[PDB]
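# Commentary on secondary and tertiary structure
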Amino acid sequence: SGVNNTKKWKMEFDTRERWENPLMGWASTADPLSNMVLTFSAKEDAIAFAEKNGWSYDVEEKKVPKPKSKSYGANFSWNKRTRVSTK
Amino acid sequence: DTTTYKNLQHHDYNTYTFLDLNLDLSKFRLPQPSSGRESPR
Amino acid sequence: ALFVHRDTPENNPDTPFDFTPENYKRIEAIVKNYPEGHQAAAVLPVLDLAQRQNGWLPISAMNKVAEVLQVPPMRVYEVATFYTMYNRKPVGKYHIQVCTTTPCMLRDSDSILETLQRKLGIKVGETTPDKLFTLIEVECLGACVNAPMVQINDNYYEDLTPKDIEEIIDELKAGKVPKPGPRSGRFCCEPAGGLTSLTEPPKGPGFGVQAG
Amino acid sequence: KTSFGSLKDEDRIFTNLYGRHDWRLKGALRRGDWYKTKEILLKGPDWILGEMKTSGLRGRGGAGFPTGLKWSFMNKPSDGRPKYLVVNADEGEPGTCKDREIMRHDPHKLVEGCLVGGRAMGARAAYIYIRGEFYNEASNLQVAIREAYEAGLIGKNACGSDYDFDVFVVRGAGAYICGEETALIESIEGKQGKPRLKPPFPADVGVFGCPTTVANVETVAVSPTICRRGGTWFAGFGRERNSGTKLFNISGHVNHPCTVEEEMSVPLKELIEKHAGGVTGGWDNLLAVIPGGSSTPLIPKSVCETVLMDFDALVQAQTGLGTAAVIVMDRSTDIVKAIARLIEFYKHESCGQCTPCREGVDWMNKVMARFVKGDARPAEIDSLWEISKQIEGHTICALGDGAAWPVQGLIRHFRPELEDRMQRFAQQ
Amino acid sequence: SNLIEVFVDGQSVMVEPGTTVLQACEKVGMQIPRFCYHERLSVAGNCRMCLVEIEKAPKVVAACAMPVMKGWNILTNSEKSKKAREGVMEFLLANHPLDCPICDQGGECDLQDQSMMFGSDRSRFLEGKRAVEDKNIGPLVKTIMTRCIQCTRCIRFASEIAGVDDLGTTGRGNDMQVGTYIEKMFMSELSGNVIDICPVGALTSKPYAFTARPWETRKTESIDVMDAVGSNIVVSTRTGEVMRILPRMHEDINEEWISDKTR
Ligand SMILES: Cc1cc2nc3c(=O)[nH]c(=O)nc-3n(C[C@H](O)[C@H](O)[C@H](O)COP(=O)(O)O)c2cc1C
Ligand code: SF4
Ligand code: SF4
Ligand code: SF4
Ligand code: FES
Ligand code: FES
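Residues numbered from 1 in each chain as written, not as in the entry; some residues may be left out. Chains lettered and ligands numbered in written order. Part of a larger assembly, values for the part shown. Heavy atoms only, no water.

With the PDB entry as reference, chain C is termed NADH dehydrogenase [ubiquinone] flavoprotein 2, mitochondrial, source organism Mus musculus. The annotation that UniProt attaches to chain C under Subcellular location is "Mitochondrion inner membrane". Under the UniProt heading Sequence similarities, the note attached to chain C is "Belongs to the complex I 24 kDa subunit family." (UniProt positions renumbered as here; feature names shortened; annotations may be inferred.)

The name the PDB entry gives chain B is NADH dehydrogenase [ubiquinone] flavoprotein 3, mitochondrial, with Mus musculus as the organism.

Each assigned domain of chain C is listed here: domain 1 (17-90) and domain 2 (91-196). One C-alpha centre belongs to domain 1 of chain C, the other to domain 2 of chain C, and the line joining them spans 29 Å. (Domains from an automatic or database assignment.)

Residues and elements named next belong to chain A. Together, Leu23, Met24 and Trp26 give the surface a local cluster of nonpolar side chains, amounting to about 420 Å² of exposed area. In this structure, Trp26 sits in the loop between β2 (19-20) and β3 (27-28). Since its relative accessible area comes to 57%, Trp26 is described here as exposed. (Patch = residues over 30% accessible without salt bridge, like charges linked within 9 Å, V, L, I, M, F, W, Y side chains within 5 Å. Areas by Shrake-Rupley, 256 points an atom, 1.4 Å probe, with all protein chains shown as cover. Salt bridge = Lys/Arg side-chain N within 4 Å of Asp/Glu carboxyl O. Helix = DSSP H or I, 4+ residues; strand = E, 2+ residues; numbered from the N terminus. Buried < 20%, exposed > 50% of the residue type's maximum accessible area, 1.4 Å probe, protein only.)

Below, the discussion takes up helix α3 (residues 45-55) of chain D. Residue and element names in this part refer to chain D. Within the span of α3, buried status applies to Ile48, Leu49, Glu51, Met52 and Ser55. In an axial view of α3, the angular spread of the buried residues amounts to 150°, which keeps them on one side of the axis. Exposed side of α3, more than 90 degrees from the buried face: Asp46 and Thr54 are the residues found there. Along its buried surface, α3 packs onto α2 (37-43), α5 (107-120), α9 (223-229) and α10 (231-236). Directly after α3, the chain includes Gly56, whose backbone phi takes a positive value near 60°. (Arc of directions from axis to C-beta. Contact = heavy atoms within 4.5 Å.)

So, on to the side chain of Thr81(C). Relative to the assigned elements, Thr81(C) resides in helix α4 (residues 73-82). According to the relative accessible area criterion, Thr81(C) is buried, its value standing at 4%. A polar contact is formed between the side chain of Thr81(C) and the backbone oxygen of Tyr77(C), at a distance of 2.9 Å. Engagement of the side chain of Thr81(C) in a polar contact is seen with the backbone nitrogen of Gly171(E), the distance being 3.2 Å. Not counting the four nearest positions on each side in its chain, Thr81(C) is found in contact with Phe3(C), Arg88(C), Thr169(E), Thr170(E), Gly171(E) and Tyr181(E). (Polar contact = N/O pair within 3.5 Å; in protein donor to acceptor, adjacent residues only side chain to side chain.)

What follows deals with the sheet that holds strand β5 (residues 181-182) of chain C. Residues and elements named next belong to chain C. Ordered by their spatial adjacency, five strands build an open sheet running β2-β1-β3-β4-β5, and the pairing between neighbours is mixed. One side of each edge strand has no neighbouring strand; the edge strands of this open sheet are β2 (136-138) and β5. One ladder, built from three bridges, connects strand β1 (residues 96-99) with strand β3 (residues 150-152); its direction is antiparallel. Within β3, the position partnered with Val98 by the bridge is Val150. (Pairing = 2+ DSSP bridges.)

Turning next to the pairing of strand β5 (residues 245-251) of chain D. All names here are of chain D. Counting buried residues along β5, seven of its seven residues qualify, which places the element largely inside the surrounding structure. Side-chain alternation along β5 places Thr245, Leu247, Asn249 and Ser251 on one buried face and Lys246, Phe248 and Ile250 on a second face that is also buried. Of the strand pairs in this sheet, β5 and strand β6 (residues 259-263) are connected by five bridges, and their pairing is antiparallel. If you follow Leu247 over to β6, its bridge partner there is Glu261. Judged from the three bridges that link them, β5 and strand β8 (residues 325-329) form a sheet pairing that is parallel.

So, on to the interface of chain D and chain C. Listed per partner, the contact involves 79 residues of chain D and 62 residues of chain C. Buried area between chain D and chain C, summed over both chains or domains, comes out near 5,700 Å², and the portion from carbon and sulfur atoms is 60%. Three residues, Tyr18(D), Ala173(D) and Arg341(D), lead the burial of chain D against chain C; their summed loss comes to 12% of the area buried on that side. The tally of links between chain D and chain C comes to five salt bridges. For the pair chain D and chain C, the number of links is 22 residue pairs in polar contact. At six residues, helix α13 (residues 335-348) of chain D tops the list of elements feeding residues into the side of chain D that touches chain C. (Buried area = accessible area lost by both parts, 1.4 Å probe.)

Attention now goes to the pattern of salt bridges. All names here are of chain D. Overall, the coordinates contain 67 salt bridges over all chains when judged by the stated rule. Of the charged contacts in the structure, one is a salt bridge between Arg100 and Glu137, with a shortest N-O distance of 2.9 Å. One end of the pair, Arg100, is in helix α4 (residues 98-103); the other, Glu137, is in helix α6 (residues 135-151), with 37 residues separating them in the sequence. Residue classification places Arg100 among the buried residues on the basis of a relative accessible area of 1%. Here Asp334 and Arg421 are joined by a salt bridge, their closest N and O atoms 3.6 Å apart.

Close to ligand 2 lie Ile177(D), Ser350(D), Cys351(D), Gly352(D), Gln353(D), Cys354(D), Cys357(D), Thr395(D), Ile396(D), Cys397(D) and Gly400(D). In terms of residue class, the shell around ligand 2 is built from six nonpolar, five polar and no charged. (Near = heavy atom within 4 Å. Nonpolar A, V, L, I, M, F, W, Y, C, P; charged D, E, K, R; others polar.)

Here is the structure:
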């Protein structure tokens, strides 16, 4: 239920072919950008870094949860359907 | 008087006394409220 | 003890149980005891009534109560596990209880428990092979003054001693369900050493009345 | 206004607390009840709450809070819901027998006082929740209610009054936690006896989501004659802040254990000596006393000779009054065994929804058993004190407090006995 | 308007009535620890871990359930609240079983991380734990109930979101056992979401059973193709394979919930 792993804009790369190593079965690669992750306090910083280093980017906007009206008294209503049958 | 015990009727109560009396009392009691609803489902 | 159910041959969803035609009258009275909605309030009296018609609560009873009330059965299972006055396993004709909280542990309750063990030949939580008596150690029961006490099918025997429960048991075995109350010189909560609180007549109406 | 504990029978507000005259109507009517109830009701609701606030009547259940203030929390009109009155009779705390002894032997006081409380407040009806083990008492009460309905004191015209009332009797199923204000309400609603968080308060949303004010038996049973005799008269007895009569249950290690109505602020020693004649072996043989039932700490005999049976006094003595169920120990009984038994009880009677009383009560139970056997070391005593203080104000209901307070009372006044048992077990 | 000025460690914040302390502090950035409250389920203050002092009130309050009043300062990093959290963690971890390397919610446990931040580092518990009978729900949800913390975050889901009402609590005390009183296949189209709801690993998934661990996993944000709802999804890989599926959070679709097919 924690949200601190959010709050920082990251910049990943597209994934590429991994394959079974014929000896032991390890996962191999032919790209070095596989384990690549950067972090940016904001978004324009990330667009800037990408435009600067020559990468075509797709930006996924910030997803924030809707605020909500909680009430511990709605669980014990006379008329509503929030009257929970448990406790 | 004040010489003996006079809550004596409870020495001969059955199992269905409380419920028989609530039954006899349901006649006297008034209509009840209504939440405009049959259940919270 | 368990708080989980496993379908025995005896206890199962097809173990037979349906209320009698009069208990249904009592049930609809109980449902009139609460508003039109919130008819789920009658779970406690209706389950107690089923227990009172069969002695114990099979799963069949716990589900027929739900069917009658149109409550989910799980809520009934919750309610039956929580409250201890419900017998989720079969018991005898005389369900005996003994208080062992301090106001009655402190007036020789273990003595009564020992005498009630040896006189019956059982351990504490066991039931007799004739399925007549049982025994359990429970908490307070609201008669802490008359400290050494018991409860035998919704009646109290209080202020008692070993001889005055041996006599009780031998009176129960021959069918004479005896008179409840203090098995001593007392008849109620009053001090055994004569009256000390009030001995004059109580005053009539209109006494000490304020204007109005 | 000094050293007043003794009184006479004109003031005995529980004239038949021993079942010696009659419990039915014909016989109770002589003892001054149902007398001027129409005039009481039609006098006004605010007049009743004024009588209450002038009487200084604190809640004669466990938590003593001034009524009048409590009952005035739903004087406001109804915003589209009915109002209800729950009378509490789940007399489950150890030592407490007074509500039983009034339930039988004087139900009509309760009935008329409950009516008076409803009309002082607003209430379509009332729900007299009573313990499941009190079958015969509840049946006496149902018979009394039936006689009242028949005689015309309740129903479509409650003693006239232009006000209609009903009185229901809900029957519990054997759980001490269902004495709480909110576990009681949920049990009436048809669920487990699990308290609520408070807020919400029962006066805005309570039973069936409707306003309620929960009240104890005597708290209401003394209401109608208070209205009938004034708050000046009820407040004249007792100290200025905690006034009135008081039922006193006495248990354990005394020659004549008894229930008594007495004057509040009476000394504990006057109470024990006059009624329930001297403890076994006399005062010198006294070791410790619990003034409440079990949710109050111990007293060491150092402050038994110089202490008044009040809320304020026992609070000043790092203790508290509850339902005033005196319990006595007399040097011939292991005390740690008694408190371990009390904690075994508070473990059995926990509901379990909030973590502290779910686990820590079981901690303290196990540790106090280990202290009884002596299989511990004194570095755990302050650890268990810390466990108590963790449980205290971290709970939904005050059963964690009631579990933690006897522990503190024993650690504060009887620590060297724990030390001795530990060193004995260690040597052997 | 219908606003309220509230302070959080002094810092002011404007919130509506009907809110709580947890939401007020979230508007600042602080999230209060928690094991019972979810933000999509009915409130039940059963963990007592959301405890904060107010600057002059004598005791602490459930921040998940207490509505916030005009003119309040919420003290989150005060010694009273920290003492409360340490005690609550002591009690939670008292009877909890040493099954962290077994448990599949091993590097995903809120209990771990909350013991690591908001809890002590030592057990003063010298007594025997308990052990609870396990339940055979079905082929998906693997119940190991010797470790349930009795938070009721599952019964509320099953009653309010799945609309099932076949899950509850049996008994009381430590002996309270969550689940059914009987053998019943909790077999619904929203049943695998309890695996995400239960912060503890009291119930996990059987397909993912014992396979991987969260630090090993790379996570690619994809979508679903089973139904036409467009439920946003996280596909978790491990060395070029697919290990499990998880929901994403989008409030217009897949409100933290996904069907049992696509997971
Ligand atoms: C665990 C617990 C059990 C309680 N049991 C009772 C009880 O059995 N009878 C009672 O009158 N009050 C009991 N109380 C206190 C009630 O809250 C109180 O009686 C009620 O609020 C009415 O207060 P009053 O004295 O002002 O009428 C209990 C409280 C707790 C925390
Ligand atoms: S203190 Fe005990 S009885 Fe009270 S709510 Fe918490 S767990 Fe239940
Ligand atoms: S839920 Fe699993 S990982 Fe978390 S503390 Fe319990 S055993 Fe350890
Ligand atoms: S099974 Fe999980 S979600 Fe359900 S009560 Fe236990 S810890 Fe909470
Ligand atoms: S303590 Fe034994 S009856 Fe109350
Ligand atoms: S998060 Fe508030 S009590 Fe659980």
